[PDB]
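K.L.:
Coordinates in upload_9.csv, CSV, C-alpha atoms, are listed below.
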```
chain,number,residue,atom,x,y,z
A,29,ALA,CA,45.2,110.2,155.3
A,30,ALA,CA,41.4,110.7,155.7
A,31,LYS,CA,39.9,113.9,154.2
A,32,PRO,CA,43.2,115.7,154.1
A,33,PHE,CA,45.1,115.2,150.8
A,34,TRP,CA,42.3,113.2,149.3
A,35,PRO,CA,42.1,114.5,145.7
A,36,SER,CA,38.9,116.3,144.7
A,37,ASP,CA,39.9,115.7,141.1
A,38,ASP,CA,39.4,112.4,139.3
A,39,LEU,CA,41.8,109.9,140.8
A,40,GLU,CA,42.7,109.0,137.2
A,41,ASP,CA,43.9,112.6,136.6
A,42,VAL,CA,46.1,112.6,139.7
A,43,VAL,CA,47.9,109.2,139.8
A,44,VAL,CA,51.3,109.5,138.1
A,45,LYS,CA,52.0,106.8,135.4
A,46,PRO,CA,55.2,105.5,134.0
A,47,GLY,CA,56.5,107.1,130.8
A,48,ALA,CA,55.8,110.8,131.3
A,49,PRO,CA,58.0,113.1,129.1
A,50,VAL,CA,61.2,113.9,130.9
A,51,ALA,CA,63.1,117.2,130.9
A,52,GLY,CA,66.2,117.6,128.8
A,53,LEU,CA,68.3,120.2,127.0
A,54,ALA,CA,67.2,119.0,123.5
A,55,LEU,CA,69.6,121.3,121.6
A,56,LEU,CA,69.3,119.5,118.2
A,57,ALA,CA,66.5,119.8,115.7
A,58,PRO,CA,64.5,116.7,114.8
A,59,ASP,CA,66.3,116.9,111.4
A,60,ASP,CA,69.9,116.8,112.8
A,61,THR,CA,71.6,113.4,112.5
A,62,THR,CA,74.9,114.5,114.1
A,63,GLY,CA,75.8,116.7,117.1
A,64,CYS,CA,79.2,118.2,117.8
A,65,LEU,CA,81.0,119.7,120.8
A,66,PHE,CA,83.8,122.2,120.4
A,67,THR,CA,86.4,122.0,123.2
A,68,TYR,CA,89.4,124.2,123.8
A,69,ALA,CA,92.3,125.1,126.2
A,70,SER,CA,92.0,123.3,129.6
A,71,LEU,CA,88.4,122.0,128.8
A,72,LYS,CA,90.0,119.4,126.5
A,73,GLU,CA,91.3,117.6,129.6
A,74,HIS,CA,87.8,116.2,130.2
A,75,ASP,CA,86.2,116.6,126.8
A,76,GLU,CA,88.9,115.0,124.6
A,77,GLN,CA,91.2,113.1,127.0
A,78,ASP,CA,88.7,111.5,129.3
A,79,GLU,CA,88.3,108.1,127.6
A,80,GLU,CA,84.8,107.3,128.8
A,81,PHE,CA,83.4,110.7,127.9
A,82,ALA,CA,85.1,111.1,124.5
A,83,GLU,CA,84.5,107.5,123.4
A,84,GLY,CA,82.5,106.9,120.2
A,85,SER,CA,83.3,110.3,118.7
A,86,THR,CA,85.0,111.5,115.6
A,87,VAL,CA,87.5,114.3,116.4
A,88,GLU,CA,89.3,116.9,114.3
A,89,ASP,CA,91.0,120.3,114.8
A,90,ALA,CA,88.7,123.4,114.5
A,91,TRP,CA,88.9,127.1,115.1
A,92,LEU,CA,86.3,129.4,116.7
A,93,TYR,CA,86.5,132.9,115.3
A,94,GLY,CA,85.3,135.8,117.5
A,95,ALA,CA,86.0,134.4,121.0
A,96,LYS,CA,88.6,135.0,123.6
A,97,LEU,CA,89.6,133.7,127.1
A,98,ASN,CA,88.5,135.1,130.4
A,99,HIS,CA,91.6,136.1,132.4
A,100,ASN,CA,90.6,133.7,135.2
A,101,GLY,CA,88.5,130.6,134.9
A,102,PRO,CA,88.9,128.1,132.1
A,103,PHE,CA,86.2,129.5,129.6
A,104,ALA,CA,86.1,131.7,126.6
A,105,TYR,CA,83.4,134.1,125.6
A,106,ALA,CA,82.1,135.7,122.4
A,107,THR,CA,83.5,139.1,121.3
A,108,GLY,CA,82.5,139.2,117.7
A,109,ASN,CA,86.1,140.4,116.9
A,110,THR,CA,87.2,138.8,113.6
A,111,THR,CA,90.8,138.2,114.8
A,112,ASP,CA,90.0,136.8,118.2
A,113,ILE,CA,90.5,133.0,117.6
A,114,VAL,CA,90.1,130.1,120.0
A,115,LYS,CA,91.7,127.0,118.5
A,116,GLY,CA,90.5,123.6,119.7
A,117,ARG,CA,89.0,120.3,118.8
A,118,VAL,CA,85.4,119.4,117.6
A,119,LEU,CA,84.1,116.0,118.7
A,120,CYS,CA,81.0,114.6,116.9
A,121,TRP,CA,78.6,111.8,117.7
A,122,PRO,CA,75.3,110.5,116.1
A,123,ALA,CA,72.5,112.8,117.3
A,124,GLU,CA,70.9,110.4,119.9
A,125,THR,CA,74.3,109.8,121.5
A,126,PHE,CA,75.2,113.5,121.4
A,127,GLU,CA,72.1,114.4,123.5
A,128,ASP,CA,73.4,112.3,126.3
A,129,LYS,CA,77.0,113.5,125.9
A,130,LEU,CA,75.9,117.1,125.9
A,131,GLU,CA,73.9,116.7,129.1
A,132,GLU,CA,76.8,114.9,130.8
A,133,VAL,CA,79.3,117.6,130.1
A,134,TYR,CA,76.7,120.4,130.9
A,135,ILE,CA,76.3,118.9,134.4
A,136,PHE,CA,80.1,118.4,134.7
A,137,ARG,CA,80.9,122.0,133.9
A,138,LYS,CA,78.2,123.6,135.9
A,139,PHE,CA,78.3,121.5,139.1
A,140,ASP,CA,80.9,123.6,141.0
A,141,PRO,CA,82.1,126.6,139.0
A,142,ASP,CA,85.7,127.5,139.8
A,143,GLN,CA,85.2,131.3,139.2
A,144,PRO,CA,81.5,132.2,139.7
A,145,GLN,CA,82.6,135.9,139.6
A,146,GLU,CA,83.2,135.9,135.9
A,147,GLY,CA,79.6,135.2,135.1
A,148,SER,CA,77.3,132.2,134.5
A,149,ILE,CA,78.5,129.2,132.5
A,150,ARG,CA,76.3,128.6,129.5
A,151,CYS,CA,76.5,126.8,126.1
A,152,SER,CA,75.3,127.7,122.7
A,153,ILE,CA,75.7,126.7,119.0
A,154,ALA,CA,78.4,128.4,116.9
A,155,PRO,CA,80.1,127.6,113.6
A,156,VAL,CA,83.6,126.4,113.9
A,157,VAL,CA,86.0,126.3,111.0
A,158,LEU,CA,87.7,123.1,109.9
A,159,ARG,CA,91.2,122.7,108.4
A,160,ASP,CA,89.8,122.6,104.9
A,161,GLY,CA,88.0,126.0,105.4
A,162,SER,CA,84.5,124.4,105.7
A,163,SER,CA,82.5,125.1,108.8
A,164,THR,CA,80.3,122.9,111.0
A,165,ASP,CA,77.9,123.9,113.8
A,166,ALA,CA,79.0,122.9,117.3
A,167,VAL,CA,78.0,123.5,120.9
A,168,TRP,CA,80.6,125.3,123.0
A,169,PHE,CA,80.7,126.4,126.6
A,170,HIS,CA,81.4,130.0,127.6
A,171,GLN,CA,81.4,132.2,130.6
A,172,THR,CA,80.6,135.8,129.7
A,173,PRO,CA,82.3,138.4,132.0
A,174,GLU,CA,78.8,139.6,132.9
```
Please, can you express the file's structure as structure tokens?

P.N.:
Amino acid sequence: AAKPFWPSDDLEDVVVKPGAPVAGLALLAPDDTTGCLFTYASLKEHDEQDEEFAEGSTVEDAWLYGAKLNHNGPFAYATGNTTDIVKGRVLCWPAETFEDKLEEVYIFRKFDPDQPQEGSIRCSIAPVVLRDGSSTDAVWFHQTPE
């Protein structure tokens, strides 16, 4: 100890206290009451079929227009082509629960990328189209060939 590492600032300004604001993704607005995840192809194995992850959701079919698969790796990416369609499932949770689910799957997908060559794995919000033709905003994961 001694003189080294003794703070020249006020001790009160330097001692860390419980309850600081923690980092997070926080993808929802303060308005949003629901959050949804769009899953597809082999990603459904975890997102839909893992009982402890998918628990508490509502789930229905949905289509993502303008996206297509990478040739390797499990992810799609956005092309903007009207007839490129990724069919999948949208899982929805109350907003507070969704924030935890989204972080959990974000960590799960990005811990050990199978094909780091096909780009970086990210997620964003896109409208997905439900059976009745209505749309709902959902988070989806993608790996853009760049």

K.L.:
Contacts of residue 174 of chain A at 12 Å or less, counting all atoms listed in the file, minus same-chain residues fewer than 2 places along, as a ChimeraX atom specification?

P.N.:
/A:98,105-106,144-150,170-172

K.L.:
Of the candidates A:143, A:35, A:71, A:155, which one gets nearest to residue 95 of chain A if we count all atoms listed in the file?

P.N.:
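Ranked by minimum distance to residue 95 of chain A, first place goes to A:155.
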
K.L.:
Report as a ChimeraX atom specification all protein, DNA and RNA residues lying within 7 Å of residue 116 of chain A, evaluated on all atoms listed in the file, omitting residues in the same chain fewer than 3 positions from it.

P.N.:
/A:66-69,89-91

K.L.:
Those same residues - C-alpha atoms - I'd like them written as an mmCIF file, keeping the file's coordinate frame.

P.N.:
```cif
data_model
loop_
_atom_site.group_PDB
_atom_site.id
_atom_site.type_symbol
_atom_site.label_atom_id
_atom_site.label_comp_id
_atom_site.auth_asym_id
_atom_site.auth_seq_id
_atom_site.Cartn_x
_atom_site.Cartn_y
_atom_site.Cartn_z
ATOM 1 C CA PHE A 66 83.800 122.200 120.400
ATOM 2 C CA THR A 67 86.400 122.000 123.200
ATOM 3 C CA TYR A 68 89.400 124.200 123.800
ATOM 4 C CA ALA A 69 92.300 125.100 126.200
ATOM 5 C CA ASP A 89 91.000 120.300 114.800
ATOM 6 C CA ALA A 90 88.700 123.400 114.500
ATOM 7 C CA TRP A 91 88.900 127.100 115.100
#
```

K.L.:
Leaving out segment 126-140 of chain A and any residue of its chain fewer than 3 positions from it, which residues lie within 6 Å of it when counting only C-alpha atoms, given as a ChimeraX atom specification?

P.N.:
/A:63,121,123

K.L.:
So the first atom is atom CA of residue 122 of chain A and the second is atom CA of residue 51 of chain A; what is the distance between them in Å, to one decimal place?

P.N.:
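Atom-to-atom, atom CA of residue 122 of chain A to atom CA of residue 51 of chain A, that is 20.3 Å.
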
K.L.:
Separation of atom CA of residue 93 of chain A and atom CA of residue 157 of chain A, in Å?

P.N.:
7.9 Å

K.L.:
Rounded to one decimal in Å, what is the spacing between atom CA of residue 81 of chain A and atom CA of residue 50 of chain A?

P.N.:
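One can read the atom CA of residue 81 of chain A to atom CA of residue 50 of chain A distance as 22.6 Å.
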
K.L.:
When you look at residue 64 of chain A with a cut-off of 8 Å (counting all atoms listed in the file), what residues show up, excluding the ones that are within fewer than 4 positions of it in the same chain? I need them as a PyMOL selection string.

P.N.:
chain A and resi 118-121+126+165-167

K.L.:
I'd like to know which of A:34, A:163, A:61, A:156 is closest to residue 94 of chain A, using all atoms listed in the file.

P.N.:
A:156

K.L.:
Counting all atoms listed in the file, which residue out of A:124, A:168, A:162, A:101 sits closest to residue 141 of chain A?

P.N.:
A:101

K.L.:
Given all atoms listed in the file as the basis, pick out the residue of A:85, A:164, A:70, A:36 nearest to residue 97 of chain A.

P.N.:
A:70

K.L.:
Counting only C-alpha atoms, figure out which residue out of A:92, A:39, A:158, A:56 gets nearest to residue 113 of chain A.

P.N.:
A:92
